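First, one chain by itself: the form deposited in one PDB entry, in structure tokens.
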């Protein structure tokens, strides 16, 4: 709006009291966006002494009870209180002390208004340093402002250990770990307490910060055992929205994490936020273009959370998608669907998907299906796996074969069935299984449900027909309507059903030839 004629002669002076330092969890003394100031509009060329007496009357403390420490920015990017000499700069101008920083911030040390009172201790500009103290509690992972101290440069670090303990509520003689909080993402441990402050601290200045904590075994029970780790985590912090993909339109919940986290750490933060096993969750990389879940994140991901978020533009809402699982994410990742046909005791087909071990044998699949189905009444209770192509059985698979060695279900159907009673242990000297398929007129025109059939040497074809129809169930002048043939690689010829006696070697391959083209029995009727 309209600036006054003499507005350029004035400057802003923001006074911060030490109560603003209490509760601060970050680096330095306060957050510039949360701090509350007492604001003064003062002439740029008023002197320091004028401001001091003015401020002393404004705040209600005599000049004996207050001291001014300008908040000066350091070369390393921090802002810290700094020394200001009363009877050597008290007549320099406010703006020349300011170094032309127009909103000029100053920390006002006062005596506790609890007294008045004894005045602030004197302070030798040359041999004394004002240090700031923070205590780090690893159990609550928190910072606790512990005030400031006047101390001689020559004082030994060990001599500061009492007051620290005193200000933290620790019992005296508690062993401590001490750090200088140099700057964000740099917390340097003070390794020798038996040396002076000027030797122990990097570039000893007024406004330096010592963070201290107990030396305690229980520290290792926290996610952040040291102040060093705490400040690293804080520097790498980032809020991320998490959304369940299975719940449509979910707004999801904000979780505070750190850019340096690996898969296990973010998984456990989110799992405790959801109260589940971290292993019963699956996460998804971002699609990287528009909001929506991307590719599944393998549980053994080697990257960091920063890699997962690198595609979010500098102010896009960071968001990751997950879903909750019914099994551990490892088993979820290694399960493989095997879809096949279960043929029940009624001779009817159903589609069933089993999830055995991807490295299992055929027996694993057979037992997975046996757990799912109701078997026949007084039946064998043992299952077998058949491979069907174009309505013909081409193979019986033995239980020791590896599953991954089987052709995928891509027009080649697999059929699990219970073995009939007459087929569990056939007479190996005179009894044989042959495959049976339905065809119409010509052999390559197959249809229907093929099956395995036991036949006996010397038997008359009549009884083969009887057991065929017993397992098939169809009107008898419907069953009598059709013919029977023996088939080998396209060639076929019919059995005289009036009087033929079953000779097994009419159905036998060439001796020594276990190849997949075996002779089979064909039923020749009409379809539907």
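For the two forms, the rigid core is made up of the largest set of C-alpha atoms that agree within 1.5 Å on superposition. Residue numbers count along the first chain shown, from 1.
The same protein also exists as the form deposited with a partner chain bound; that form is not shown, yet it is the one meant from here on.
Check each of 128, 357, 89, 159 and return the one that places a heavy atom within 4.5 angstroms of its partner chain in the deposited complex. Comparing distances to its partner chain in the deposited complex, the residue within 4.5 Å is 128.
Residue (of 432, 168, 153, 177) lying close to its partner chain in the deposited complex, criterion heavy atoms within 4.5 Å: Looking at 432, 168, 153, 177 one by one, just 153 meets the 4.5 Å heavy-atom criterion.
Does the 4.5 Å heavy atom contact test between residue 223 and its partner chain in the deposited complex come out positive? Result no; residue 223 lies far from its partner chain in the deposited complex.
Using 4.5 Å between non-hydrogen atoms, is residue 206 touching its partner chain in the deposited complex? The answer is yes: residue 206 has a heavy atom within 4.5 Å of its partner chain.
At 4.5 Å between heavy atoms, is residue 76 in contact with its partner chain in the deposited complex? Taking the distances in the deposited complex, the answer for residue 76 is yes, it comes within 4.5 Å of its partner chain.
Report whether the minimum heavy atom distance between residue 193 and its partner chain in the deposited complex is within 4.5 Å. No, residue 193 stays farther than 4.5 Å from its partner chain in the deposited complex.
Just to confirm the contact call: exactly one of 423-431, 244-252, 135-143, 181-189 touches its partner chain in the deposited complex at a 4.5 Å heavy atom cutoff, so which is it? Only one stretch passes the 4.5 Å heavy-atom test: 181-189.
Against the rigid core, a Cα displacement of 2 Å or more between the shown form and the other one applies to just one of 412, 392, 318, 156. Which? The displaced C-alpha is that of 412.
Closer or farther: how do the CA atoms of residue 335 and residue 411 lie in the deposited complex, compared with the form shown, if the change is at least 3 Å? They are closer; the C-alpha distance drops by 3 Å or more in the deposited complex.
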